[PDB]
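model.cif (mmCIF, C-alpha atoms and all ligand atoms; chains and numbers go by the auth columns) appears below.
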data_my_file
loop_
_atom_site.group_PDB
_atom_site.id
_atom_site.type_symbol
_atom_site.label_atom_id
_atom_site.label_comp_id
_atom_site.label_asym_id
_atom_site.label_seq_id
_atom_site.Cartn_x
_atom_site.Cartn_y
_atom_site.Cartn_z
_atom_site.B_iso_or_equiv
_atom_site.auth_seq_id
_atom_site.auth_asym_id
ATOM 1 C CA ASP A 1 0.000 0.000 0.000 0.00 1 A
ATOM 2 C CA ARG A 2 1.054 3.580 -0.710 0.00 2 A
ATOM 3 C CA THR A 3 -1.486 5.330 1.526 0.00 3 A
ATOM 4 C CA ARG A 4 0.356 4.813 4.801 0.00 4 A
ATOM 5 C CA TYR A 5 3.399 6.952 5.547 0.00 5 A
ATOM 6 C CA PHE A 6 6.959 6.095 6.542 0.00 6 A
ATOM 7 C CA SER A 7 9.385 8.712 7.783 0.00 7 A
ATOM 8 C CA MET A 8 12.926 7.598 7.049 0.00 8 A
ATOM 9 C CA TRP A 9 12.308 7.045 3.330 0.00 9 A
ATOM 10 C CA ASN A 10 10.099 10.150 2.998 0.00 10 A
ATOM 11 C CA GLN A 11 7.320 7.718 2.133 0.00 11 A
ATOM 12 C CA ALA A 12 4.534 9.986 0.892 0.00 12 A
ATOM 13 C CA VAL A 13 3.088 10.477 -2.565 0.00 13 A
ATOM 14 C CA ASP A 14 1.565 13.838 -3.399 0.00 14 A
ATOM 15 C CA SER A 15 -2.209 13.701 -3.138 0.00 15 A
ATOM 16 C CA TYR A 16 -4.835 16.292 -4.003 0.00 16 A
ATOM 17 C CA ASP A 17 -8.183 16.551 -2.296 0.00 17 A
ATOM 18 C CA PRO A 18 -10.925 15.104 -4.512 0.00 18 A
ATOM 19 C CA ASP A 19 -13.577 17.776 -4.025 0.00 19 A
ATOM 20 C CA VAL A 20 -11.052 20.586 -4.493 0.00 20 A
ATOM 21 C CA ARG A 21 -10.304 19.523 -8.060 0.00 21 A
ATOM 22 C CA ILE A 22 -13.967 18.721 -8.748 0.00 22 A
ATOM 23 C CA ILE A 23 -16.621 20.784 -6.981 0.00 23 A
ATOM 24 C CA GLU A 24 -20.071 19.495 -6.049 0.00 24 A
ATOM 25 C CA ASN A 25 -21.781 22.692 -4.952 0.00 25 A
ATOM 26 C CA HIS A 26 -25.061 22.323 -3.080 0.00 26 A
ATOM 27 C CA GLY A 27 -25.614 25.590 -1.235 0.00 27 A
ATOM 28 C CA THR A 28 -26.066 25.605 2.521 0.00 28 A
ATOM 29 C CA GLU A 29 -28.832 25.488 5.126 0.00 29 A
ATOM 30 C CA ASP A 30 -29.996 29.083 5.533 0.00 30 A
ATOM 31 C CA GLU A 31 -33.454 29.023 7.074 0.00 31 A
ATOM 32 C CA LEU A 32 -32.527 30.761 10.342 0.00 32 A
ATOM 33 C CA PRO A 33 -31.051 34.279 10.232 0.00 33 A
ATOM 34 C CA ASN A 34 -28.098 34.739 12.557 0.00 34 A
ATOM 35 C CA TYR A 35 -28.269 37.677 14.961 0.00 35 A
ATOM 36 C CA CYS A 36 -25.600 39.557 16.894 0.00 36 A
ATOM 37 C CA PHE A 37 -26.572 41.767 19.801 0.00 37 A
ATOM 38 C CA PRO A 38 -25.305 44.691 21.882 0.00 38 A
ATOM 39 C CA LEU A 39 -22.891 43.821 24.658 0.00 39 A
ATOM 40 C CA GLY A 40 -25.534 44.932 27.119 0.00 40 A
ATOM 41 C CA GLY A 41 -28.240 43.309 25.027 0.00 41 A
ATOM 42 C CA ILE A 42 -30.828 46.084 25.024 0.00 42 A
ATOM 43 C CA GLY A 43 -29.343 48.847 22.917 0.00 43 A
ATOM 44 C CA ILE A 44 -31.073 52.144 23.630 0.00 44 A
ATOM 45 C CA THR A 45 -33.381 53.282 26.397 0.00 45 A
ATOM 46 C CA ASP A 46 -35.349 56.308 27.530 0.00 46 A
ATOM 47 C CA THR A 47 -35.653 57.868 30.960 0.00 47 A
ATOM 48 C CA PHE A 48 -38.807 57.280 32.977 0.00 48 A
ATOM 49 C CA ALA B 1 -32.840 63.914 15.548 0.00 1 B
ATOM 50 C CA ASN B 2 -33.652 60.289 16.351 0.00 2 B
ATOM 51 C CA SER B 3 -32.097 57.110 14.957 0.00 3 B
ATOM 52 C CA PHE B 4 -30.558 53.802 15.991 0.00 4 B
ATOM 53 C CA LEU B 5 -27.374 55.710 16.814 0.00 5 B
ATOM 54 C CA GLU B 6 -28.441 59.392 16.969 0.00 6 B
ATOM 55 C CA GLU B 7 -29.584 58.598 20.561 0.00 7 B
ATOM 56 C CA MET B 8 -27.027 55.833 21.275 0.00 8 B
ATOM 57 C CA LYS B 9 -23.755 57.759 20.927 0.00 9 B
ATOM 58 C CA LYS B 10 -22.430 60.467 23.253 0.00 10 B
ATOM 59 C CA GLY B 11 -24.936 63.167 24.166 0.00 11 B
ATOM 60 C CA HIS B 12 -23.759 66.470 22.680 0.00 12 B
ATOM 61 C CA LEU B 13 -25.710 69.707 22.165 0.00 13 B
ATOM 62 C CA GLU B 14 -23.680 70.135 18.977 0.00 14 B
ATOM 63 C CA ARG B 15 -25.578 67.118 17.546 0.00 15 B
ATOM 64 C CA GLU B 16 -29.220 66.339 18.452 0.00 16 B
ATOM 65 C CA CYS B 17 -31.145 69.464 19.577 0.00 17 B
ATOM 66 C CA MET B 18 -30.377 72.001 16.846 0.00 18 B
ATOM 67 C CA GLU B 19 -31.455 71.216 13.223 0.00 19 B
ATOM 68 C CA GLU B 20 -34.904 69.445 13.468 0.00 20 B
ATOM 69 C CA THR B 21 -37.659 69.886 16.084 0.00 21 B
ATOM 70 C CA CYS B 22 -35.802 69.331 19.375 0.00 22 B
ATOM 71 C CA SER B 23 -38.983 68.050 20.978 0.00 23 B
ATOM 72 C CA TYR B 24 -37.672 67.277 24.470 0.00 24 B
ATOM 73 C CA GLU B 25 -34.911 65.908 26.800 0.00 25 B
ATOM 74 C CA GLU B 26 -32.169 66.221 24.144 0.00 26 B
ATOM 75 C CA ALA B 27 -31.681 69.723 25.646 0.00 27 B
ATOM 76 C CA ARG B 28 -31.687 68.129 29.097 0.00 28 B
ATOM 77 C CA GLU B 29 -29.538 65.030 28.306 0.00 29 B
ATOM 78 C CA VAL B 30 -26.434 67.076 27.353 0.00 30 B
ATOM 79 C CA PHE B 31 -26.387 68.804 30.734 0.00 31 B
ATOM 80 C CA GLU B 32 -28.384 66.406 32.958 0.00 32 B
ATOM 81 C CA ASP B 33 -30.329 69.337 34.451 0.00 33 B
ATOM 82 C CA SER B 34 -34.094 69.928 34.574 0.00 34 B
ATOM 83 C CA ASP B 35 -33.744 73.580 35.626 0.00 35 B
ATOM 84 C CA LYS B 36 -33.482 75.361 32.261 0.00 36 B
ATOM 85 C CA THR B 37 -35.200 72.415 30.538 0.00 37 B
ATOM 86 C CA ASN B 38 -38.316 74.438 29.692 0.00 38 B
ATOM 87 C CA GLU B 39 -36.746 77.901 30.070 0.00 39 B
ATOM 88 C CA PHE B 40 -34.665 77.524 26.895 0.00 40 B
ATOM 89 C CA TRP B 41 -36.303 74.864 24.723 0.00 41 B
ATOM 90 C CA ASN B 42 -38.995 77.435 23.913 0.00 42 B
ATOM 91 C CA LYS B 43 -36.200 79.277 22.047 0.00 43 B
ATOM 92 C CA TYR B 44 -35.661 76.656 19.327 0.00 44 B
ATOM 93 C CA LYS B 45 -38.060 77.870 16.605 0.00 45 B
ATOM 94 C CA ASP B 46 -39.219 81.469 17.072 0.00 46 B
ATOM 95 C CA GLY B 47 -36.192 83.097 18.730 0.00 47 B
ATOM 96 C CA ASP B 48 -35.575 84.500 22.181 0.00 48 B
ATOM 97 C CA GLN B 49 -38.001 86.611 24.209 0.00 49 B
ATOM 98 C CA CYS B 50 -36.120 88.036 27.233 0.00 50 B
ATOM 99 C CA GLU B 51 -33.184 89.434 25.219 0.00 51 B
ATOM 100 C CA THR B 52 -35.023 92.762 24.884 0.00 52 B
ATOM 101 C CA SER B 53 -35.418 92.994 28.689 0.00 53 B
ATOM 102 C CA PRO B 54 -39.040 94.208 28.500 0.00 54 B
ATOM 103 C CA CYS B 55 -38.918 94.854 32.238 0.00 55 B
ATOM 104 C CA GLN B 56 -37.443 98.285 32.920 0.00 56 B
ATOM 105 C CA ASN B 57 -36.621 99.942 36.273 0.00 57 B
ATOM 106 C CA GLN B 58 -34.113 97.147 37.017 0.00 58 B
ATOM 107 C CA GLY B 59 -36.544 94.252 36.618 0.00 59 B
ATOM 108 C CA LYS B 60 -35.559 90.675 35.847 0.00 60 B
ATOM 109 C CA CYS B 61 -37.113 88.504 33.142 0.00 61 B
ATOM 110 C CA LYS B 62 -38.562 84.985 33.103 0.00 62 B
ATOM 111 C CA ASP B 63 -39.506 83.069 29.976 0.00 63 B
ATOM 112 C CA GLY B 64 -42.675 81.038 29.631 0.00 64 B
ATOM 113 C CA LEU B 65 -44.124 79.101 26.713 0.00 65 B
ATOM 114 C CA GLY B 66 -46.152 82.035 25.420 0.00 66 B
ATOM 115 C CA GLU B 67 -45.955 84.850 27.998 0.00 67 B
ATOM 116 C CA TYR B 68 -43.150 86.673 29.808 0.00 68 B
ATOM 117 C CA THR B 69 -42.843 87.261 33.559 0.00 69 B
ATOM 118 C CA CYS B 70 -41.308 90.567 34.685 0.00 70 B
ATOM 119 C CA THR B 71 -40.025 90.647 38.273 0.00 71 B
ATOM 120 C CA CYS B 72 -39.857 94.255 39.474 0.00 72 B
ATOM 121 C CA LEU B 73 -38.550 95.228 42.898 0.00 73 B
ATOM 122 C CA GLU B 74 -40.410 96.341 46.037 0.00 74 B
ATOM 123 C CA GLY B 75 -43.030 98.917 45.099 0.00 75 B
ATOM 124 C CA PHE B 76 -42.450 98.222 41.391 0.00 76 B
ATOM 125 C CA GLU B 77 -44.609 95.946 39.244 0.00 77 B
ATOM 126 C CA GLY B 78 -46.108 95.703 35.768 0.00 78 B
ATOM 127 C CA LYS B 79 -46.486 93.387 32.786 0.00 79 B
ATOM 128 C CA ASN B 80 -43.098 94.757 31.692 0.00 80 B
ATOM 129 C CA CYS B 81 -42.522 96.804 34.865 0.00 81 B
ATOM 130 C CA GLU B 82 -44.981 99.217 33.253 0.00 82 B
HETATM 131 CA CA CA C . -32.230 60.330 25.348 0.00 101 A
HETATM 132 CA CA CA C . -27.433 65.222 14.428 0.00 102 A
HETATM 133 CA CA CA C . -29.276 65.636 24.653 0.00 103 A
HETATM 134 CA CA CA C . -29.941 64.591 22.459 0.00 104 A
#
Write out the structure in this file as structure tokens.
Ligand SMILES: [Ca+2]
Ligand SMILES: [Ca+2]
Ligand SMILES: [Ca+2]
Ligand SMILES: [Ca+2]
Amino acid sequence: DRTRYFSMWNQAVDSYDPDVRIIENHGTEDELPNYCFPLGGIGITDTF
Amino acid sequence: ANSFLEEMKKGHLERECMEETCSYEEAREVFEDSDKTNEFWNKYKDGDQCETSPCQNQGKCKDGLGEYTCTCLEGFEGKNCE
């Protein structure tokens, strides 16, 4: 087998990721909008 | 006058109460002081009213939202110390 690696002989053949060379694009899961908030949470306030 | 950040940043009189309506508080926020809150906010649209000193005979002035109070000394009175 060539997959496993051995140090002393520099046993490693160059390999390229499969999906990098050939893309299978499918979008993402985007049904929930992501929200960031003020450090104190409630942003502005009025005096009462 | 009002926005998400117009009333979220630092309170400065050189910002909010000047170029719109200046309805309220934004003349009080800058100073944190309810003393001249309604003795100065009347002077946002139509100009000042005590600058003429209508009270004569050494009488002080007081501004109200429509009418002027003239404080004249002992034995002196009048609508404008008149
Ligand atoms: Ca405010
Ligand atoms: Ca402004
Ligand atoms: Ca203010
Ligand atoms: Ca203000």
Assuming the chain letters and numbering stay as they are in my file, what does the PyMOL selection byres ((chain A and not hetatm) within 12 of (chain B)) actually select? List them as a PyMOL selection string. chain A and resi 38+42-48
Do a neighbour search on region 71-78 of chain B at 10 Å with all atoms listed in the file, toss out local chain neighbours closer than 4 positions, and write the hits as an mmCIF file with C-alpha atoms, in the coordinates of the input.
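Generated output (part-v3.cif):
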data_model
loop_
_atom_site.group_PDB
_atom_site.id
_atom_site.type_symbol
_atom_site.label_atom_id
_atom_site.label_comp_id
_atom_site.auth_asym_id
_atom_site.auth_seq_id
_atom_site.Cartn_x
_atom_site.Cartn_y
_atom_site.Cartn_z
ATOM 1 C CA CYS B 55 -38.918 94.854 32.238
ATOM 2 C CA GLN B 56 -37.443 98.285 32.920
ATOM 3 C CA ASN B 57 -36.621 99.942 36.273
ATOM 4 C CA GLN B 58 -34.113 97.147 37.017
ATOM 5 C CA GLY B 59 -36.544 94.252 36.618
ATOM 6 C CA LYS B 60 -35.559 90.675 35.847
ATOM 7 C CA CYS B 61 -37.113 88.504 33.142
ATOM 8 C CA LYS B 62 -38.562 84.985 33.103
ATOM 9 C CA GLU B 82 -44.981 99.217 33.253
#
10 Å shell around ligand CA 103 (chain A) using all atoms listed in the file, listed as a ChimeraX atom specification: /B:1,6-7,10-17,22,24-32
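Relative to CA of residue 50 (chain B), CA of residue 79 (chain B) is found at 12.9 Å.
As for CA of residue 45 (chain B) and CA of residue 20 (chain B), they are spaced 9.5 Å apart.
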Residues within 12 Å of residue 14 (chain A), only C-alpha atoms, excluding chain neighbours under 3 positions, as a short mmCIF file (atom, residue, chain, number, x, y, z; two decimals) with C-alpha atoms, keeping the file's coordinate frame:
data_model
loop_
_atom_site.label_atom_id
_atom_site.label_comp_id
_atom_site.auth_asym_id
_atom_site.auth_seq_id
_atom_site.Cartn_x
_atom_site.Cartn_y
_atom_site.Cartn_z
CA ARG A 2 1.05 3.58 -0.71
CA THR A 3 -1.49 5.33 1.53
CA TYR A 5 3.40 6.95 5.55
CA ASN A 10 10.10 10.15 3.00
CA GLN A 11 7.32 7.72 2.13
CA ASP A 17 -8.18 16.55 -2.30
#
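The spacing separating CA of residue 21 (chain B) from CA of residue 36 (chain B) amounts to 17.6 Å.
Comparing the minimum interatomic distances between ligand CA 104 (chain A) and each of B:69, B:49, B:2, B:37, counting all atoms listed in the file, we find that B:2 sits nearest.
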Residue completion, region 3-38 of chain A, N, CA and C atoms, as an mmCIF file, in the frame of the given file:
data_model
loop_
_atom_site.group_PDB
_atom_site.id
_atom_site.type_symbol
_atom_site.label_atom_id
_atom_site.label_comp_id
_atom_site.auth_asym_id
_atom_site.auth_seq_id
_atom_site.Cartn_x
_atom_site.Cartn_y
_atom_site.Cartn_z
ATOM 1 N N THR A 3 -0.785 4.336 0.724
ATOM 2 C CA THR A 3 -1.486 5.330 1.526
ATOM 3 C C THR A 3 -0.746 5.626 2.823
ATOM 4 N N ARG A 4 -0.314 4.590 3.531
ATOM 5 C CA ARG A 4 0.356 4.813 4.801
ATOM 6 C C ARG A 4 1.708 5.480 4.578
ATOM 7 N N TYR A 5 2.199 6.136 5.623
ATOM 8 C CA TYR A 5 3.399 6.952 5.547
ATOM 9 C C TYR A 5 4.535 6.322 6.338
ATOM 10 N N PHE A 6 5.754 6.515 5.844
ATOM 11 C CA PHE A 6 6.959 6.095 6.542
ATOM 12 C C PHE A 6 7.966 7.230 6.514
ATOM 13 N N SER A 7 8.561 7.519 7.668
ATOM 14 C CA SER A 7 9.385 8.712 7.783
ATOM 15 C C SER A 7 10.693 8.563 7.020
ATOM 16 N N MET A 8 11.516 7.595 7.423
ATOM 17 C CA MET A 8 12.926 7.598 7.049
ATOM 18 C C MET A 8 13.131 7.604 5.539
ATOM 19 N N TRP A 9 12.211 7.024 4.781
ATOM 20 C CA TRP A 9 12.308 7.045 3.330
ATOM 21 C C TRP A 9 11.563 8.213 2.698
ATOM 22 N N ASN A 10 11.009 9.120 3.501
ATOM 23 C CA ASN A 10 10.099 10.150 2.998
ATOM 24 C C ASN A 10 8.942 9.515 2.234
ATOM 25 N N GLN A 11 8.382 8.453 2.802
ATOM 26 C CA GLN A 11 7.320 7.718 2.133
ATOM 27 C C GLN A 11 6.029 8.520 2.133
ATOM 28 N N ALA A 12 5.793 9.269 1.060
ATOM 29 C CA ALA A 12 4.534 9.986 0.892
ATOM 30 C C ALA A 12 4.421 10.402 -0.560
ATOM 31 N N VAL A 13 3.348 10.019 -1.209
ATOM 32 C CA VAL A 13 3.088 10.477 -2.565
ATOM 33 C C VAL A 13 2.162 11.677 -2.497
ATOM 34 N N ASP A 14 2.403 12.651 -3.366
ATOM 35 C CA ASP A 14 1.565 13.838 -3.399
ATOM 36 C C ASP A 14 0.132 13.466 -3.730
ATOM 37 N N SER A 15 -0.797 13.952 -2.922
ATOM 38 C CA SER A 15 -2.209 13.701 -3.138
ATOM 39 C C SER A 15 -2.965 15.018 -3.099
ATOM 40 N N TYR A 16 -3.978 15.121 -3.947
ATOM 41 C CA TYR A 16 -4.835 16.292 -4.003
ATOM 42 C C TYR A 16 -6.219 15.912 -3.512
ATOM 43 N N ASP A 17 -6.841 16.813 -2.771
ATOM 44 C CA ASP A 17 -8.183 16.551 -2.296
ATOM 45 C C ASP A 17 -9.109 16.314 -3.482
ATOM 46 N N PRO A 18 -10.035 15.380 -3.381
ATOM 47 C CA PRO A 18 -10.925 15.104 -4.512
ATOM 48 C C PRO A 18 -11.872 16.253 -4.812
ATOM 49 N N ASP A 19 -12.577 16.743 -3.791
ATOM 50 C CA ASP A 19 -13.577 17.776 -4.025
ATOM 51 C C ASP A 19 -12.958 19.106 -4.422
ATOM 52 N N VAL A 20 -11.695 19.346 -4.077
ATOM 53 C CA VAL A 20 -11.052 20.586 -4.493
ATOM 54 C C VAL A 20 -10.929 20.636 -6.007
ATOM 55 N N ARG A 21 -10.459 19.546 -6.610
ATOM 56 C CA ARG A 21 -10.304 19.523 -8.060
ATOM 57 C C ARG A 21 -11.649 19.485 -8.767
ATOM 58 N N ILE A 22 -12.655 18.886 -8.143
ATOM 59 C CA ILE A 22 -13.967 18.721 -8.748
ATOM 60 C C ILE A 22 -15.000 19.118 -7.706
ATOM 61 N N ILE A 23 -15.714 20.202 -7.961
ATOM 62 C CA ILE A 23 -16.621 20.784 -6.981
ATOM 63 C C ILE A 23 -18.018 20.218 -7.173
ATOM 64 N N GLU A 24 -18.677 19.920 -6.060
ATOM 65 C CA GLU A 24 -20.071 19.495 -6.049
ATOM 66 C C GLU A 24 -20.803 20.483 -5.153
ATOM 67 N N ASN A 25 -21.214 21.605 -5.733
ATOM 68 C CA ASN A 25 -21.781 22.692 -4.952
ATOM 69 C C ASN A 25 -23.265 22.461 -4.718
ATOM 70 N N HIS A 26 -23.701 22.653 -3.475
ATOM 71 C CA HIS A 26 -25.061 22.323 -3.080
ATOM 72 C C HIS A 26 -25.729 23.424 -2.270
ATOM 73 N N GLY A 27 -25.085 24.572 -2.111
ATOM 74 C CA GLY A 27 -25.614 25.590 -1.235
ATOM 75 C C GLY A 27 -25.383 25.225 0.220
ATOM 76 N N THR A 28 -26.159 25.858 1.091
ATOM 77 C CA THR A 28 -26.066 25.605 2.521
ATOM 78 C C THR A 28 -27.477 25.495 3.080
ATOM 79 N N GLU A 29 -27.567 25.485 4.404
ATOM 80 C CA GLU A 29 -28.832 25.488 5.126
ATOM 81 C C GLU A 29 -28.983 26.866 5.758
ATOM 82 N N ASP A 30 -29.908 27.660 5.231
ATOM 83 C CA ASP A 30 -29.996 29.083 5.533
ATOM 84 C C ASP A 30 -31.428 29.479 5.838
ATOM 85 N N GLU A 31 -32.076 28.729 6.720
ATOM 86 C CA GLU A 31 -33.454 29.023 7.074
ATOM 87 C C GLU A 31 -33.582 29.846 8.344
ATOM 88 N N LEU A 32 -32.513 29.965 9.125
ATOM 89 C CA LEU A 32 -32.527 30.761 10.342
ATOM 90 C C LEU A 32 -31.546 31.914 10.202
ATOM 91 N N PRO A 33 -31.991 33.160 10.292
ATOM 92 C CA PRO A 33 -31.051 34.279 10.232
ATOM 93 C C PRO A 33 -30.250 34.362 11.517
ATOM 94 N N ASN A 34 -28.966 34.683 11.390
ATOM 95 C CA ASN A 34 -28.098 34.739 12.557
ATOM 96 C C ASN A 34 -28.015 36.174 13.060
ATOM 97 N N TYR A 35 -28.123 36.354 14.372
ATOM 98 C CA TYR A 35 -28.269 37.677 14.961
ATOM 99 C C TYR A 35 -27.174 37.926 15.984
ATOM 100 N N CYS A 36 -26.512 39.072 15.873
ATOM 101 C CA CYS A 36 -25.600 39.557 16.894
ATOM 102 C C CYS A 36 -26.245 40.724 17.627
ATOM 103 N N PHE A 37 -25.855 40.907 18.878
ATOM 104 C CA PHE A 37 -26.572 41.767 19.801
ATOM 105 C C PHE A 37 -25.624 42.710 20.519
ATOM 106 N N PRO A 38 -26.146 43.794 21.088
ATOM 107 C CA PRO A 38 -25.305 44.691 21.882
ATOM 108 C C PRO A 38 -24.750 43.994 23.110
#
